[PDB]
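What follows is a single structure, written as structure tokens, with notes after it.
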Amino acid sequence: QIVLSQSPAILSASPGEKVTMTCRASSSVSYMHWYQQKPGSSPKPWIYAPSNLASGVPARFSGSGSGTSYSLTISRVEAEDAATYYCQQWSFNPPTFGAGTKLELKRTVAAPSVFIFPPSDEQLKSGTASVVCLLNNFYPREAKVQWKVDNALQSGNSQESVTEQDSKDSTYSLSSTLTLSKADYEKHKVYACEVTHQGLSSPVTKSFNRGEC
Amino acid sequence: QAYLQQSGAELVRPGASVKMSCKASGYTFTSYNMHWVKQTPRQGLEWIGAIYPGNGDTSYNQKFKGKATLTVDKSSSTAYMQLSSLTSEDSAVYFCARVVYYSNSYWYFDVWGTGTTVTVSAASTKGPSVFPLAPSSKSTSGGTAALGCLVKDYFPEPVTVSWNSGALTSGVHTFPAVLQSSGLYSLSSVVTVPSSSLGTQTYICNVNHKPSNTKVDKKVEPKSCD
Amino acid sequence: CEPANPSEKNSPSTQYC
């Protein structure tokens with residue numbers, strides 16, 4: 001078993017930049033292979049034989065190397081290139097894959113659009129209250145969301161979810177969801193969500209009073 | 001036209017057994033040989049084995065011994081993998097793949113299956129509740145309202161949220177599910193729309209949780225917060 | 167030494183191995 005190791009783990013790349021990832025092997029390998037994988041779908045044949053491009057792959061993708069040292073390289077980075085790239089060898093049985101190089105696109109700074117959503121009336125009937133804060137199409141990923149309940153900061157009662165880097169723009173979206181018992185929820189008035197992000201000229205608070213609409 | 005279709009997703013119980021399909025079309029089955037790759041957040045992509053449907057000849061990765069056999073059918077153009085004695089170590093996506101020993105000068109994974117996600121646990125199937133995330137004033141900025149659907153307390157993965165019935169795809173974000181304290185999953189699917197539309201255009205989110213066999217369609221009714 | 171493609175498993179180089 002040849003252990004294949006990739007560098008870097010995360011490649012930050014601005015649009016239009018020339019970047020390069022490397023695949024290193026435990027022993028000599030005859031040829032190198034590369035896949036592009038976007039979360040949710042199967043790995044896509046990208047490079048077959050260190051040099052050759054699988055069908056469909058743009059010629060901005062280039063590839064090189066011999067012995068144990070190989071390099072996939074993108075001459076001008078594009079938005080749709082955001083994916084994880086895995087190298088793979090056939091030489092030694094069993095065929096083994098790199099741990100992958102994740103290409104992250106460093107687009108310009110975009111501030112999220114921020115929205116808060118009160119618990120629906122149907123959920124309250126069921127005895128639970130979920131308030132959700134939405135941060136839309138922002139870059140970079142680093143975003144800080146902070147729940148205030150009647151001005152008291154909250155902790156331990158929310159979970160965040162982040163989408164993957166978008167194909168067209170290079171933004172993320174995130175949801176922070178606060179869960180309270182129907183009873184605890186009615187013990188308070190002001191439910192507020194406060195976002196800090198590099199694109200916002202200042203931290204933003206979206207709030208509401210319970211039962212106003 | 002050379003598709004490699006695989007089964008969607010499976011719930012398996014701890015220390016049980018599972019057979020997953022991998023059917024082929026667009027090429028002579030027996031003239032190419034079939035592989036099986038495991039994917040997990042950790043340990044990444046791991047080859048498991050292969051089989052040549054010209055006879056049923058195999059080959060097995062040591063790491064998956066006593067748990068990964070590759071049987072092959074009659075001319076239903078299909079390969080199979082059975083996993084046995086499943087621990088929560090086996091929760092994974094399982095790809096099947098086809099090899100052409102020659103595209104230029106090397107053996108090479110040409111086309112891939114969609115991947116069968118396996119969840120190992122003894123927990124009972126459960127259908128989600130669907131709650132509206134209502135658009136209003138708090139959802140409007142520069143003539144765009146956000147709205148959504150909260151898909152709550154279900155097990156196992158996955159669900160699928162389409163809006164209006166695939167008629168609304170632009171600007172949709174279906175968030176990855178997150179495991180709650182309860183052992184049950186939750187997600188939100190949101191979308192942005194012209195706020196001038198809210199009053200004329202109807203927004204319905206179609207929720208399908210195949211495991212529990214439950215479909216729900218929720219009309220997301222806007223609110224008037226002036 | 168078994169090849170990865172069991173189509174190559176016959177005896178093209180496995181026999182010699």
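Going line by line, the protein sequences match chains L, H and P.
With the deposited numbering applied, the first sequence closes on residue 213, and no number is skipped along the way.
With the deposited numbering applied, the second sequence closes on residue 226, and no number is skipped along the way.
With the deposited numbering applied, the third sequence closes on residue 183, and no number is skipped along the way.
Beta carbons: idealized from backbone N, C-alpha and C, even for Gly.
Using DSSP's beta-bridge definition, name the partner residues of residue i.
i, result
"residue 194 (chain L)", "L:146 and L:205"
"residue 160 (chain L)", "L:176"
"residue 125 (chain H)", "In DSSP, residue 125 (chain H) forms no bridge with anything."
"residue 8 (chain L)", "According to DSSP, residue 8 (chain L) bridges with nothing at all."
"residue 45 (chain L)", "L:35"
"residue 82 (chain H)", "H:19 and H:69"
"residue 184 (chain H)", "Residue 184 (chain H) is not bridged to any residue."
"residue 56 (chain L)", "According to DSSP, which records beta bridges pairwise, residue 56 (chain L) is partnered with nothing at all."
"residue 204 (chain H)", "H:219"
Quick check on the DSSP output: the beta strand (DSSP E) that includes residue i runs from which residue to which?
i, result
"residue 108 (chain H)", "108 to 112"
"residue 37 (chain L)", "33 to 37"
"residue 218 (chain H)", "214 to 219"
"residue 95 (chain H)", "92 to 100"
"residue 131 (chain H)", "129 to 133"
"residue 39 (chain H)", "33 to 40"
"residue 115 (chain L)", "113 to 117"
"residue 57 (chain H)", "57 to 60"
"residue 66 (chain L)", "61 to 66"
"residue 139 (chain L)", "Careful: residue 139 (chain L) lies outside any beta strand (DSSP E) and carries neither H nor E."
"residue 157 (chain H)", "No beta strand (DSSP E) holds residue 157 (chain H); DSSP gives it neither H nor E."
"residue 49 (chain H)", "44 to 52"
"residue 101 (chain L)", "101 to 105"
"residue 87 (chain L)", "83 to 89"
"residue 174 (chain P)", "It is not in any beta strand (DSSP E) - residue 174 (chain P) carries neither H nor E in the DSSP assignment."
"residue 9 (chain H)", "9 to 12"
"residue 25 (chain L)", "19 to 25"
"residue 87 (chain H)", "Run containing residue 87 (chain H): none; DSSP gives neither H nor E here."
Within the same chain, show all residues whose beta-carbon is closer than 6 Å to that of residue i, passing over the 5 residues directly before and after it, in chain order.
i, result
"residue 170 (chain P)", "none"
"residue 48 (chain H)", "36, 38, 61, 64 and 68"
"residue 84 (chain L)", "37, 100 and 102"
"residue 134 (chain L)", "115 and 175"
"residue 271 (chain H)", "In the structure as shown, chain H starts at 1 and stops at 226, and residue 271 (chain H) therefore has no counterpart that could be examined."
"residue 198 (chain H)", "135, 145 and 222"
The alpha helix (DSSP H) that contains residue i, what's its start and end?
i, result
"residue 185 (chain L)", "182 to 186"
"residue 126 (chain L)", "121 to 126"
Below 7 Å CB to CB, which residues in the same chain sit around residue i once its five sequence neighbours on both sides are set aside?
i, result
"residue 177 (chain L)", "130, 132, 158 and 159"
"residue 146 (chain L)", "153 and 194"
"residue 92 (chain L)", "1, 2 and 27"
"residue 138 (chain L)", "110, 111, 112, 171, 172, 197 and 199"
Is the CB-CB distance between residue i and residue j below 9 Å?
i, j, result
"residue 114 (chain L)", "residue 17 (chain L)", "no"
"residue 220 (chain H)", "residue 207 (chain H)", "no"
"residue 187 (chain H)", "residue 159 (chain H)", "yes"
"residue 118 (chain H)", "residue 79 (chain H)", "no"
"residue 123 (chain H)", "residue 193 (chain H)", "no"
"residue 34 (chain H)", "residue 99 (chain H)", "yes"
"residue 128 (chain H)", "residue 202 (chain H)", "no"
"residue 211 (chain H)", "residue 114 (chain H)", "no"
"residue 7 (chain L)", "residue 80 (chain L)", "no"
"residue 176 (chain H)", "residue 163 (chain L)", "yes"
"residue 90 (chain L)", "residue 42 (chain L)", "no"
Mind checking whether the beta-carbon of residue i lies closer than 8 Å to any heavy atom of the ligand GDP?
i, result
"residue 63 (chain H)", "Absence of the ligand GDP from the depicted structure is noted, as is the absence of any ligand whatsoever, leaving it without description."
Within the same chain, show all residues whose beta-carbon is closer than 8 Å to that of residue i, passing over the 5 residues directly before and after it, in chain order.
i, result
"residue 124 (chain L)", "182 and 185"
"residue 87 (chain H)", "14, 15 and 120"
"residue 144 (chain H)", "192, 193, 194 and 195"
"residue 140 (chain H)", "195"
"residue 26 (chain H)", "1, 2 and 3"
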